[PDB]
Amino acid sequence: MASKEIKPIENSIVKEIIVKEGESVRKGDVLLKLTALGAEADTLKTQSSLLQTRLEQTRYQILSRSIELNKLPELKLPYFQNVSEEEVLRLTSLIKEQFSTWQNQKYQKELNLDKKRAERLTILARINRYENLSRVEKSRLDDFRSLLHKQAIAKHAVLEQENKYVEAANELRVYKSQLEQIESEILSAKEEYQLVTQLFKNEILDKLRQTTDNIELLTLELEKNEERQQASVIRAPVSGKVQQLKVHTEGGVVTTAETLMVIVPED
């Protein structure tokens, strides 16, 4: 009577061989335990990916807090027990570069803003000065005109004084328009200053969202990987004696093409 060949339905790793050579088994008995080839590998890869993603999450949470503090919090990891510390110092160092870059951007936006405010101060000074000047020369002009109602001064001086007044007035006009322009520019500068931290915070909580989502996905994936690395049993399809048992393939690879053992019917 024909011997029945026992072959894996997929490429596998022999975990445990239960039967022995020559042993009689009945249909349904356990012969050996197998795991899918690559399952363990996949699990480890998902674990490592998960670890990295958690690290980067931690980085962006610490940055997120650094924005609200406007200072760096304690740079420590909060699972992480055997994380290489040079990984930790690389991470903290990235945190430091990002934070310092942010504060520098804020600082130079602030410098620009302050220079604009200085411009405004100068312009305002000029405006007030020419307000006073226009006033005194206007009153002096009126005086001179009354002096030419009563023939007490030359017309020449009167019209030169007019010229003075009109001069001062025009100057005043010019500086006022300038003030309008500079005021507008100052509001713009303010908006840029806000824009720095606006963008930075956006980036930070977008990468926080991304790290959390990816962690969840990798968690589902990790569940799948962990379940798939679980051992399956090959049972005896018929009753009989176990022969040609590959007794030393435990921990070794067997493909779907290869015969693990054969079962020879006894009756």
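In case it trips you up, residue 1 is the first one in the sequence shown, and so on.
- The mean Cα B-factor in the deposited entry runs higher for 226 to 234 than for the other of 28 to 36 and 226 to 234.
- Taking only CA atoms, the mean B-factor in the PDB entry is higher for 151 to 159 than for the other of 151 to 159 and 100 to 108.
- Based on the entry's C-alpha B-factors, the most elevated value among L199, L63, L218, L69 belongs to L69.
- Out of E191, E185, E74, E167, it is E74 whose C-alpha atom has the highest B-factor in the PDB entry.
- Sort the chain's modelled residues by C-alpha temperature factor and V136 lands in the middle third, per the entry.
- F80 sits in the highest third of its chain by CA B factor, as recorded in the PDB entry.
- In this PDB entry, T53 carries a Cα temperature factor that places it within the middle third of its chain's modelled residues.
- Split the chain's modelled residues into thirds by C-alpha temperature factor. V262 is in the middle one.
- The entry lists a Cα temperature factor for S12 that places it in the lowest third of the chain's modelled residues.
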